[PDB]
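Visitor:
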Amino acid sequence: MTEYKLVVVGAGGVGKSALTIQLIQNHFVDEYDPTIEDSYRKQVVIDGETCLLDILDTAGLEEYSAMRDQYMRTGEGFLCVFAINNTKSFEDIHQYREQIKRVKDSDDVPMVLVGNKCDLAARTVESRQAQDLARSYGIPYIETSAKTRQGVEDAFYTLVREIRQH
Ligand SMILES: Nc1nc2c(ncn2[C@@H]2O[C@H](COP(=O)(O)OP(=O)(O)NP(=O)(O)O)[C@@H](O)[C@H]2O)c(=O)[nH]1
Ligand SMILES: [Ca+2]
Ligand SMILES: [Mg+2]
Ligand SMILES: [Mg+2]
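For the sequence shown, position 67 matches number 67 in the entry's author numbering, and the numbering has no gaps at all.
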């Protein structure tokens with residue numbers, strides 16, 4: 001059936017792996033093992049359509065960000081993740097936006113801005129601030145929690161729906 005190539009990007013430790021693993025394997029990864037480049041595949045029915053999701057979990061740490069550009073090349077949609085308790089991760093979203101533009105050589109790439117770790121109380125990035133950023137890119141802003149699963153499916157499914165509008 002239809003295959004959707006999704007790519008998760010964002011600063012180190014924002015929760016890219018936890019989000020992906022919660023979506024695909026249904027459990028929360030409590031420990032922090034820096035990622036180099038991992039891929040996941042799973043058949044799911046979205047809006048009545050049986051589709052194959054190929055999700056690339058990329059490195060947020062520069063030290064593990066080797067040929068990251070090459071892996072992302074085939075990506076059809078991207079989740080740009082920051083953590084609501086990490087202001088710097090939010091401020092650096094533009095870096096990932098720029099990288100995506102380069103790898104895809106396009107200004108119109110399906111995307112979703114994700115504010116992860118919404119279960120944490122030390123929030124320094126208010127929803128409104130993220131909504132303004134997303135609005136400027138013309139993309140949806142969705143908050144998630146890889147820990148409680150809140151907004152997790154919504155984030156990935158919305159990305160599929162954005163690819164469909166593409
Ligand atoms: N409370 C809470 N902790 C989270 C959440 N998502 C991730 N974490 C925690 O944050 C740490 C880093 O998460 P991880 O998914 O490894 O981040 P990453 O973005 O994949 N890191 P890297 O880019 O180096 O590969 C882990 O200890 C993980 O449990 C969340 O929604 N809530
Ligand atoms: Ca470990
Ligand atoms: Mg990771
Ligand atoms: Mg403030």
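Ideal Cβ positions, reconstructed from N, Cα and C, are used throughout, including at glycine.
Is any heavy atom of ligand 3 found at a distance shorter than 7 Å from the C-beta of residue 16?
Guide: Walking along the sequence shown from the start, residue 16 turns up at place 16. Yes, Cβ of residue 16 sits closer than 7 Å to a heavy atom of ligand 3.
Visitor: Jot down the residue ranges of each uninterrupted alpha helix (DSSP H) in the segment 4-40, minimum 4 residues, whole runs only, in chain order.
Guide: Runs of the alpha helix (DSSP H) inside the segment 4-40: 16-25.
Visitor: Would you say the beta carbon of residue 57 is closer than 7 Å to some non-hydrogen atom of ligand 2?
Guide: By 1-based counting over the sequence shown, the position of residue 57 is 57. No, the Cβ of residue 57 stays beyond 7 Å of every heavy atom of ligand 2.
Visitor: For residue 130, tell me which candidate among 52, 21, 93 and 146 has the shortest Cα-Cα distance.
Guide: In the sequence shown, residue 130 corresponds to position 130, counting from 1. Nearest of 52, 21, 93 and 146 to residue 130, Cα basis: 93.
Visitor: Quick test of your reading: residue 48 and residue 117, contact by CB under 8 Å. State the CB separation rounded to the nearest angstrom.
Guide: Counted from its first residue, the sequence shown places residue 48 at position 48. Counted from its first residue, the sequence shown places residue 117 at position 117. Contact doesn't hold; Cβ gap of about 32 Å is too wide.
Visitor: Going by the C-beta, is residue 124 closer than 7 Å to any heavy atom of ligand 4?
Guide: What you label residue 124 is simply residue 124 of the sequence shown in a count that begins at 1. Residue 124: yes, Cβ under 7 Å from ligand 4.
Visitor: Mind checking which residues open and close the beta strand (DSSP E) that includes residue 141?
Guide: Sequence index remark: in the sequence shown, residue 141 carries index 141 (1-based). From DSSP, the beta strand (DSSP E) with residue 141 extends over 141-143.
Visitor: I think residue 79 touches residue 114, with their Cβ atoms under 8 Å apart; what is that distance to the nearest whole Å?
Guide: Translated into the one-based positions of the sequence shown, residue 79 becomes position 79. Translated into the one-based positions of the sequence shown, residue 114 becomes position 114. Sure, about 5 Å apart at Cβ, within 8 Å.
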